Structures are given as C-alpha cells and as structure tokens.
Amino acid sequence: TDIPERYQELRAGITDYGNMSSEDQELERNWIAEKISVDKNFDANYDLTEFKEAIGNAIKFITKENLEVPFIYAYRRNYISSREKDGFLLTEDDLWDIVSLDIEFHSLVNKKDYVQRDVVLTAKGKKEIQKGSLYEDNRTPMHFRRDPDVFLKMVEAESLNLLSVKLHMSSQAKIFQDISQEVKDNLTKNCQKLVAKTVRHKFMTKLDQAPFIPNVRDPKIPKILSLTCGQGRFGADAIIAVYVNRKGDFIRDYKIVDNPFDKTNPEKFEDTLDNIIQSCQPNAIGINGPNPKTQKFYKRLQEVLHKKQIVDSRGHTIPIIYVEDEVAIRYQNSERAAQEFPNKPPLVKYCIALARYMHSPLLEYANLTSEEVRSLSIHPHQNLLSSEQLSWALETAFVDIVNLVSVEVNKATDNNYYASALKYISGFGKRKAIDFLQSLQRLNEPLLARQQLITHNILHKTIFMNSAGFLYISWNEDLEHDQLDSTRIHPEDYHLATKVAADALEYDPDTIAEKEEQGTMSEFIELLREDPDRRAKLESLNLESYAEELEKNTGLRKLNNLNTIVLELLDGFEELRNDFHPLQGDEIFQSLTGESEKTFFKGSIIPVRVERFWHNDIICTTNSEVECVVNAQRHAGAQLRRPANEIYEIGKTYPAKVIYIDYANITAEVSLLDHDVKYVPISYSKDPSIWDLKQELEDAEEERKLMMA
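Letter by letter, the sequence shown follows residues 320 to 436, 603 to 622, 628 to 663, 700 to 1003, 1010 to 1210, 1213 to 1243 of the UniProt record's numbering.
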C-alpha cells in the first residue's frame, strides 16, 4: 500500500512484475538505454558506459526504490547525469519514457517467457473530401518520423470507413497481411506516442506561468478589479465590473450603466469609473470580451485612465492587460461556480474567473474536471489520441508543474480551491489526497514540523520520502519552529544544510563536534539568520569543493542538492515559474474574433458584408464582425475622382480580397474588383511519385459530369 498511487494504477494489471532475474535486468537496462540513445543521437560509442550506467541508476530508483520521476529529478538529479558538464541530462520526458518503456518491457518479457510456460478510397470516397479541405494531403515509415499525424489522419479516415491503406509492398515480384498488420499497429502506437509528447509539452507551456505582478520593482500581491465589455452593445448592456482582494476572495460586484461612448456626456462614465477606482483602489485591471468591441472598450479605458491620471503610490499608471478567458468561458457554465455563488449573473462569474486566472493559472487549470479539461482546446489534433494517452499526457503535465512550486499544507487544509491541486503532488493521487485531507482535518491543529507527518503516522516512509520535500510550512513568529520547514529542502539533507551553513559561518572545528554531541545544529542556521553579512559570507563558499569532499568521504553524490541548499538559504521559496503571458497581437485578434488563420489570413478570398459607406472609402463586415478599409483606388473609383456610391449598393453580399490585416488594431484592407477577387490558396505536394497525377486527372471527368449525372 506504501506505493505511489500512479504506480499502483499502472502496475495494477501486470503479474509477477517484481520477479526479474540478473540476465533479465541487464537485458532491460541495455535495451532501454538503446531506446533512449536513439533519441539522444550520440556519435560513435561516446563512452556509452556512463550513459547506460545512468539508465541503470534511473531504473533502480523507479523499479526498486519506487521513487516518482519528479522526486528523482529534483533530489537525485546528479545520479542521473554525467559527472562532467554538458555531458548528458535525462529530462522529465526521458524519465517518463523510461517508466513507460519499463512497464511494457516487463509485460513483453512476461509474454515471450510465457511461451515456455498509397490511399484506396471506398464507395463513400470523393464525398467527404470535396477537393477543398485539409485532407487534400509511396508513403513510407521514414516519412512518418517527421509528420506522424498524417498517419493518424489516414487511420481516422479508415475508422469512419472512407479510405483504406494497404501496406506498401509493390516490390513484391493472407500471409503478407498476417505479417504486416503487426507493423501497422506498431506504427499507430509509435505515432500516437509521438503526438502525445507534443500535446503534453504545449499544455506544459500553458501551465508554466507565474502570477502577474503589477510592479516589477517592488512586486506584491495585487488588488485586482476585473471588468468585461459584455456583448458589445454600448449605450446598453451595462458594463460589469468585479473586485477581488489580495487574498483572492470576492468582495463586491458592480454594474456601470453609463455609456463610455455617449459623446453627449462622456464625463458621466468617467466620473462613475473614477469613483469605482477610488472605492476599490486596485492595482491592475483585467479585460476580455466576446467580440471586437472589446478593442474599442479597452482603448477607451486606457485613454480614460490616462485622463484621470490614475496612478498607484509608485506614481506609474495602473496597467490594463488582456487575459486569456478559455477557462473563464468554461467556468461560467461550471456547476462548481453555480454552487459557489448563489445569485450572480454569468458576466460576474466570468469576471471573477478572469481575476482568479490573473492570480494563479495553475490552480484554475487544476480545478477543471476531467471532461472539461479533456474537451479543452489544447492541440489542433488532440482528438486523434485516445482517452488514455491524452489523460496520461495531462496527468504528467500537471505532476511536473505542481511539483515545481510547492504546496502549502496549512492553506490546503481549508482552502478547498487551493487544496484541489494536492492530488497531483508527487506520491499522491485521488485516493490518497482525500485521506490526507481528512487526517489533517482530524488533527484540528496546524502542522508545526514535517516530522509530525510521520510521528502521527499520517504518511508512510516511502510516500513521505516521495512527497515530504514538496510540502512546506510557512514561517511566522516556539522551539518546535524550524526555519528549514519554510524551504523546499528534503528532511534527509537537513543535517547537510546545517553542516554547509556551519562551514559558511566558519565555526571552530571543535565546536561542530561539541554542538553535535549537544544536539544543537539548529543554532547554526539561527545564527546565520541573525548575522547581517549573509551575502558576502554565503556566496564565497565553493560548492564544487564541498561536494567533492562529501562524495569522497561519505560516498554520496549531492552536488545539485547542495546547490539548491545554498540557493534557498538566501531567501525562502524563490519563484521559479516564468513571467506572465499577456495576450499580445495575433493571439489577441484570434481570441477576440474566433476566425482561424485557415479562413482569415493575408491574401484570403472571403465573402464580406457591406454595412456602412464613407466619404470616399467603403466599409466591410465579416462573419464575426470584422471591419475592413477599402480605398477608392481598389474598386476603380478614385482613378477619376467622384464618390463611390455610383457603383455599389447596400445589403447585397459581395466577394472580396483581403490585402492587409492588423491583428493588433483589428482592421483590414480589402479589394473588391474582379481583377483581384476572381487562385490556389492551399496545395500540398504534387511530385508524380509522391502525388497521384493519374487519379487527379482521371477524376476530373467524373467531377465535371456529376452536375449532369
């Protein structure tokens, strides 16, 4: 039972998994090392002994000690790397691959040993492709190493019974199928895994986003005032605004009915919004809306803020930022939100979600349930992967980031919203998180030291070792309190941390022994906290010399660990996540418009709706309310002067060509003449071997006659 939950779930089905011999273990190590070597792309031998040794250590940690990959990479990194710089470094991806290959290796050998114990369309063809979709694209396994998804496209087409693929076997000059569908399944598995890697990595980059900071000079928790444009109809649809304190608790919602664009009395909106800021006194403003009207609204907010000279005590203007709202869009329909707030309109819930996302994107993403996160638009071809691979990719992504930044147990015991991410901590899962929280609730007191987790038998040795490094207790303010408890230092190396601090403090060699016999190591870290010259004294210590002396005498290898010790001895829990990611440019237009680059891109022929006319220019409307600016010299109007009304009329649908797109300012230049509107925007490869010229030319007769068919 003292096994990580994820490993228990993976190893649930296999039998006699732990019964491996010496020859089986060497086979395993040499083979799996070769598998990763394929991706590492070594040259010659490159003293592969050290590499295969690193894999030996890794598989020992996984299979024998039952350590999760985040723990190994955090506190056992040096055992999984070349002793010399830039040699080799097995990334989280490599470790996840190792565990995945390990389970399948054991299963495969259990089977091997148990023995001793070209597109072809169908009748439905030419009907789903219509020669005008992204499916318009001698295939061989070498090609699939680069564009793996193409094979998924064909497999999916086969699943819906459109086209079937017969393995490439023209060299021929029941049996062949019997032998080749095995290779077909191996190719499907390989390509599925390869796409699972990219989807995981892109979800990872979304998770790696630190909290927004209003002041780079003196960053503190920001007072946030969210507001949304609404459906975009100004002069009505009163602008919603919400206020949330630094603690992240909703305080009060607002609703501004005064129109920012009422040119008659614009002072009205400016006055009420000024009162809103005077009341809440926020430090940042968040905005996101359903349609391009949000751009005009944002511009108005910026100019209004500049006009009222609204600045924080720093003297700089309060920043306004566009924040992603996908999770907010799901939140407004989420049952949890309804149960959270009794009487709030959808826009209020949405604005609150925007604020929370601005505080912690990690918690927001973690709070999503299985089906909403699964349906979350993460990768264009995410639907190709089956539920199990996609779910594993997501779980591994959550595990990495959630372990990158520790979890405060004191907050988690009651802040359910903040505690819901605990199930993803190393050595924890669905079943374990509930039991852990229940036990802490039964405690009725805040944990004073990490050791209390084991003394009260809250955890078990293996699980504690797997997780005790990430869980932490914030420092405040008796003797029970320890500074190390407010640092992501594993309990095992607390003695090491005290020893390095002692060396950095230059104690008399005899007093170290005297303090050890007296059991007074903690006073060293206390004295280091008290003295003022922490910098000049600490960084002067050379990590390499100490790590070498440690490994030479004790035999351990903890250079990376010692580095984390000295690094965090300065300031506790320095933020490691990268800076925030405000929506800038293209992503703004994409999010606020919802028009794909496959439809609305530079030089695209798209139908436009004429709505308004101007002195000499003409105005455009698109399927998602996009304005276009067409000068009279693009419809043959200005060549001889005079207004353009003589040519076109309001209300009819007209084809048009885009010439310039300003994603940042949501404006585009278009031409409406047949000279430009009358033409191959998309076309895949056409080499005679790569592409079937015969089918393309022969099909033209059927395509022409079908109208008359």
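C-beta: ideal position from N, C-alpha, C; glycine also.
Please report the straight-line C-alpha distance between residue i and residue j, rounded to a whole angstrom.
i: residue 1168; j: residue 1186; result: 16 Å
i: residue 802; j: residue 882; result: 20 Å
i: residue 1215; j: residue 645; result: 26 Å
i: residue 962; j: residue 984; result: 7 Å
i: residue 820; j: residue 1164; result: 29 Å
i: residue 758; j: residue 766; result: 12 Å
i: residue 655; j: residue 987; result: 53 Å
i: residue 1200; j: residue 1015; result: 59 Å
i: residue 741; j: residue 735; result: 17 Å
i: residue 1240; j: residue 1231; result: 15 Å
i: residue 1157; j: residue 753; result: 22 Å
i: residue 639; j: residue 620; result: 12 Å
i: residue 366; j: residue 618; result: 50 Å
i: residue 906; j: residue 1128; result: 11 Å
i: residue 1058; j: residue 712; result: 59 Å
i: residue 900; j: residue 949; result: 18 Å
i: residue 1143; j: residue 894; result: 41 Å
i: residue 1082; j: residue 430; result: 45 Å
i: residue 1048; j: residue 331; result: 46 Å
i: residue 1112; j: residue 738; result: 5 Å
Does the distance from the C-beta atom of residue i to that of residue j stay below 8 Å?
i: residue 1136; j: residue 1209; result: no
i: residue 345; j: residue 958; result: no
i: residue 725; j: residue 750; result: no
i: residue 351; j: residue 374; result: yes
i: residue 814; j: residue 849; result: yes
i: residue 800; j: residue 834; result: yes
i: residue 1205; j: residue 1166; result: yes
i: residue 722; j: residue 911; result: yes
i: residue 794; j: residue 784; result: yes
i: residue 1021; j: residue 1029; result: yes
i: residue 657; j: residue 649; result: no
i: residue 904; j: residue 728; result: yes
i: residue 809; j: residue 779; result: no
i: residue 610; j: residue 653; result: yes
i: residue 796; j: residue 830; result: yes
i: residue 714; j: residue 651; result: no
i: residue 999; j: residue 936; result: yes
i: residue 1131; j: residue 1141; result: no
i: residue 847; j: residue 1114; result: yes
i: residue 924; j: residue 892; result: yes
i: residue 1217; j: residue 628; result: no
i: residue 1102; j: residue 1060; result: no
In the DSSP output, what is residue i paired with across the bridge?
i: residue 1160; result: 1200
i: residue 790; result: Beta-bridge pairing links residue 790 to no other residue.
i: residue 934; result: 998
i: residue 604; result: 655
i: residue 812; result: 752 and 847
i: residue 1186; result: 1140
i: residue 1211; result: No coordinates exist for residue 1211 in the structure shown, because the numbering of the chain passes directly from 1210 to 1213.
i: residue 837; result: 843
i: residue 686; result: Residue 686 falls within a stretch that is absent from the model, since the chain runs 663 to 700 with no residues between.
i: residue 408; result: 400
i: residue 824; result: According to DSSP, which records beta bridges pairwise, residue 824 is partnered with nothing at all.
i: residue 614; result: None; residue 614 has no bridge partner.
i: residue 1192; result: 1201
Excluding the five sequence neighbours on either side, which residues of its own chain have a C-beta within less than 7 Å of the C-beta of residue i, listed in chain order?
i: residue 661; result: none
i: residue 398; result: 376 and 1089
i: residue 415; result: 388 and 922
i: residue 763; result: 756 and 757
i: residue 934; result: 998 and 1000
Near residue i, which residues of its chain fall below 8 Å by C-beta distance, leaving aside the five closest residues on each side in sequence?
i: residue 424; result: 347, 350 and 351
i: residue 1012; result: 974 and 975
i: residue 371; result: 348, 349 and 352
i: residue 918; result: 722
Please list, in chain order, all residues of the same chain as residue i whose beta carbon is under 6 Å from its beta carbon, the five residues on each side excluded.
i: residue 879; result: 854 and 857
i: residue 329; result: 422
i: residue 805; result: none
i: residue 1195; result: 1117, 1118 and 1121
#### Entry: Cβ contact (3+ pairs, closer than 8 Å) linking the stretch 979-996 and the stretch 947-954
yes
### Message
Taking 8 Å as the cut-off, does the stretch 334-342 touch the stretch 425-436 (at least 3 CB pairs, one atom from each stretch)?
### Response
yes
### Task
Tell me, please, whether the stretch 1041-1057 touches the stretch 1117-1136 by the rule of three or more beta-carbon pairs shorter than 8 Å.
no
### Query
Do the stretch 1065-1078 and the stretch 1093-1112 make contact, defined as three or more Cβ pairs closer than 8 Å?
yes
### Query
Would you call the stretch 354-363 and the stretch 403-417 in contact, with 3 or more CB pairs under 8 Å?
yes
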